[PDB]
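One structure below.
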């Protein structure tokens, strides 16, 4: 595929897991140097080709705290909601399912981001609420379940990209 | 059948939208020809200089010119030639202009033309070995030849294609054929000269490579026996090291 | 822009190292610092008409770009004098200085620029010249450079003190040295009545260090003071050497070999891991690694462990070179039918140390193939093993002209073992079948057939014969070189002799010798003379004659050059169908070729590629002849049993080690030519 | 050769054509963009894409230089696990891949260097941030590299056993078992230690290590 | 046999003069200074010290004279063991 995968030298997976060396009574093995030591470590991680190698998207007070995109300090912050309406449909054939005008409270619809990489239609839902914490009216978009090719997935990489597409749209246009 | 090898050096620099270039070179062409009553072994070794310029507008102008010393040992029975060594100098220079316009992103369309003028001393010798005088000599031959050729070149890269695929066709016609020679006989004497030619051409086969350690070669040949029983020579090889 | 004396590269690393490089901030203090520094560098070059100028160009997004203007007009050396001296002429001193004031017309050897470090080295040379000749009471009182009031001429003067001569009365040795003192005094045995020489003393400390390293002490400490008796006009040396500490190699380590395994290199290196280090052993090991020939560069490094006081580890940093290759090619053609060729020749297959050679070529004119495999280290001691199979049913049938059709094949197995530090004997057995057919009528071959008891007719051009041969062969290769390709030191001689055991159709024997030696003239080993020679002789036994096909040939690359590939030798004579002299040769039973060669680096390409290439002048001296020659038969035709008909030439040669492989290119001109020279001028052997 | 136009479009085109996989043209665009936009709003993302391109374009040394530039540029970034894993992957990829890979030749007794460096890098990663997404495959790589280094040392000890220098073998295998006590290499190297002790006339220790085999008969 | 055999040395060599310098009841640093660092050491249980002689010019009889030291876990020599063949 040559697109999103590590080199094909993946035969290292089927290596013999290490086994400890018993010390008989009457003598002791020399103390381990410990320079080449591995501790016990968790699992539940994709390995081989299933493991993902793509640069995580660095978000643009350019908020980057993962599941949140709370950027912020404009006196006309309330006017950003009609700007978001202009972004939807008009600018990019999008729509907010239930968006009040003054409240700036919206719920995103299942979209379809076909940005190559064999990434099929990705349905990302979110809640568009504009807070004013520690600054003026801030932008925030708490994403929700995404579909992509699979029925559902919750890998933080694809979730990060899914929130970051809206993040970069908002940052670029405003 | 012949083998010709040339080498040389060149110096160049850019300009305000132009890339001037010049250089010097030497060449050597050995050949062996077989006929019904004539068998010749010829060697033309010499040297010369060339120039080549191009721009960002898709136009290139090139020219070469060299002098060699053609010496040939020929065994012939008719006219009592025996085994004779005809040796003389020959200086010839040609020019050409091409326009490798960007046909697409994977090829460039190049129409080009060329014209060359060359002069060589004749073969003056006596045929007294045949019993009769039969003086054989030629005037100062000053042949010239033009040619027009179109081609398309695949500018492949990426170390996966990295080839120089090219296609097209070209026609060469003699611009001047002034090879006059004089022969003598008991009944009378005769004079001869040359005429025009309408030679065709072909393209190169593969000229392939991938990286800085692989080079692949393959040549395409044509043998148009219908016109003048012409033929060509081709080869195919590649080089790699561990 | 502006600079031309120095390539712009060293300028950009000069900027980069100082602290300013693309992408970081700007500091105008560093602007002034680097301006003055580049002026100082130009003054060191000697270009005092230099003024580096900085052009600041502001750019949006708070950027800046710096341009440099370099208006260097012209530099100057115009005067050297040695005022103060009285016993030596100035010119003989000038003959040794690196820096020269002026050089005469009929040579372009030296330039005329001024480099301060060159002056310092020249002062060192002058000091050594005076001190090693006895003048111990010598120094450099004062040296002055001077500039004319035009910034176009620089002079240099030196002021010294001659002093007086002194004699080496005697030396001694002190300090806690090794228990082997006797040989130290042996090496420091000084015979009186000889004048002083400082460089002699320096060599004394150096080789004392070498010898103590040989015993096993790797970090010694040696110094010496010349107690000078001015009243008696003599000197004595007081030397102090410490024993150091017995050092030991904890680990031996290799680094750089991507392809070759650990075992192949560890198999070398007479210096052993886990013992008392010997610098001589390490040098022998590094020379052997250089000898293997498939390492473009190897260098040794010694590093004591930061732990115990006496434990040192040695690393061998290498950079392998690509050797061996496989080739493939089809030569289709109406005049040639269908032709085909393939084959791989690799000195070190995949790095395992084995050597392999395979080829196969097919056409209507020829059908040839061969296989060859060898391991140099059958056992751990170094005995070799090799096998070779070949098939040569060429059948040059078309036109049946000036040849003789043969189908031949053979298999041989050899083994060889090393006997001393630099010699390996070789023995082996072989079997070979040959079958000759068609032939062509010409003289000097029928003698071989008649020697076997059969007398075929001479008018006919048909017929055939078969032969099987069992052979015992042996060899002896004395090799001592510095590297594996175009070396700079040593010599190598090769002996190969073959005989036939009872029960074989052929009855003969064969001997060949080769000798290539290299003699440098410069200590740095850049200009060197080269001596090649090949010798060969063989013949039949028991009243019989040696086979014609196995005979010697001469002419081509690596042989006498310029003449033709395989041209030197007596030419046959054809039977009537009276006797017609052949153009080509058939091969004499005794050949001897010699060559002397003068190597010189090419002055065009830079030092990045300099190690790769090598050009030279050469003088080919060769001659081949056949002792067996019936002079009485055709004395009317010239007699070539006498080897006096020498063939020789001279010219230039060039060798290029491309990533695609070895390349050779030679130009030569025959001088003592004869008939059938078919001379060429250039060759492109690989 | 490059359009000097506002940055939004050049970033957009850069990500779009990296999304295509046109590395030969993407590396030049990205490097020019970085050198002309040194402190853009999200230049970190630019540097990470440069890492990705360099690795996938097989220009490993310049990628290593970019890694050790980024680490000092901001030693505290919420994505340094990816950078460290990419560095270790670069080391391992640089280490072992050649015609032997087609031939399946055991690359054990080759020059380690890069293997040791890769092991150190991966170990630093895993001991740094066990909660990251690049730990499992990392741990597997640690196991594989440990096995490789142990096999290399076993091979050199085996050659010394072949020669007959029955001291250096003791030191090398002792270092093996002190460093690599939990691998197959020591498991088949112990008999070499036994043989060395038996040949060394100091069998008082020999049977001692023989008892070691008595604990792992299996 | 007949093939050339390179010289092999695989130990720490010390002459009889340093052997005479050995005496029970003194620290470890002094004995390391006197005989050199130990190229061998037992890493199991007792921290005893070994010194060995390997010397064979090639196709010739090997020469071995081992010399062993025992140390308690206090930094003082307990006993020695010389052996000349």
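All residue numbers here begin at 1 and follow the chain in the order shown.
Structure method, as recorded: electron microscopy, 5.2 Å.
Cβ atoms here come from the backbone N, Cα and C positions, even for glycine.
Straight from Swiss-Prot, the features:
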DOMAIN    C:166-244  domain 'POTRA 4'
DOMAIN    C:247-321  domain 'POTRA 5'
TRANSMEM  C:336-346  transmembrane segment
TOPO_DOM  C:347-354  topological domain 'Periplasmic'
TRANSMEM  C:355-362  transmembrane segment
TRANSMEM  C:366-375  transmembrane segment
TOPO_DOM  C:376-383  topological domain 'Periplasmic'
TRANSMEM  C:384-395  transmembrane segment
TOPO_DOM  C:396-404  topological domain 'Extracellular'
TOPO_DOM  C:407-422  topological domain 'Periplasmic'
TRANSMEM  C:423-435  transmembrane segment
TOPO_DOM  C:436-463  topological domain 'Extracellular'
TRANSMEM  C:464-477  transmembrane segment
TOPO_DOM  C:478-490  topological domain 'Periplasmic'
TRANSMEM  C:491-500  transmembrane segment
TOPO_DOM  C:501-508  topological domain 'Extracellular'
TRANSMEM  C:509-519  transmembrane segment
TOPO_DOM  C:520-528  topological domain 'Periplasmic'
TRANSMEM  C:529-539  transmembrane segment
TRANSMEM  C:589-598  transmembrane segment
TOPO_DOM  C:599-612  topological domain 'Periplasmic'
TRANSMEM  C:613-625  transmembrane segment
TOPO_DOM  C:626-647  topological domain 'Extracellular'
TRANSMEM  C:648-657  transmembrane segment
TOPO_DOM  C:670-683  topological domain 'Extracellular'
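Through the fold, the transmembrane segment (C:529-539) approaches residues 508-521, 545-546, 550, 552, 559, 589-599, 616, 618, 627-628 of its own chain, all at least 6 residues removed from its boundaries and within a Cβ separation under 8 Å. For the transmembrane segment (C:423-435), the partner stretch with the highest count of Cβ pairs under 8 angstroms, out of C:336-346, C:355-362, C:464-477, C:589-598, C:648-657, is C:464-477. The transmembrane segment (C:491-500) shares more Cβ pairs under 8 Å with C:464-477 than with any other stretch in the list C:336-346, C:366-375, C:464-477, C:613-625, C:648-657. Each residue of the topological domain 'Extracellular' (C:626-647) gets a DSSP state, and the totals for helix, strand and coil are 0 helix, 1 strand, 21 coil. Where the transmembrane segment (C:355-362) meets the stretches C:336-346, C:384-395, C:464-477, C:613-625, C:648-657, the count of C-beta pairs under 8 angstroms peaks at C:336-346. Listed as Cβ neighbours of the topological domain 'Extracellular' (C:436-463) (distance under 8 Å, sequence separation of 6 or more from its ends, same chain) are residues 397, 400-407, 505, 540, 543-545, 547-548, 572-575, 577, 579, 582, 586, 626, 628, 630, 633-634. Residues 267, 353, 355, 415-418, 424 of the same chain, all 6+ positions outside the topological domain 'Periplasmic' (C:376-383), place their C-beta atoms under 8 angstroms from a C-beta of that stretch.
DSSP labels the residues of the topological domain 'Periplasmic' (C:376-383) in these numbers: 0 helix, 0 strand, 8 coil. Across the topological domain 'Periplasmic' (C:347-354), the DSSP tally of helix, strand and coil residues reads 3 helix, 0 strand, 5 coil. Counting only same-chain residues 6+ beyond the ends of the topological domain 'Periplasmic' (C:347-354), those with a CB under 8 A from a CB of the stretch are 257, 259-261, 264, 267, 293-294, 323-324, 373-377. Taken through DSSP, the topological domain 'Periplasmic' (C:520-528) splits into 0 helix, 2 strand, 7 coil.
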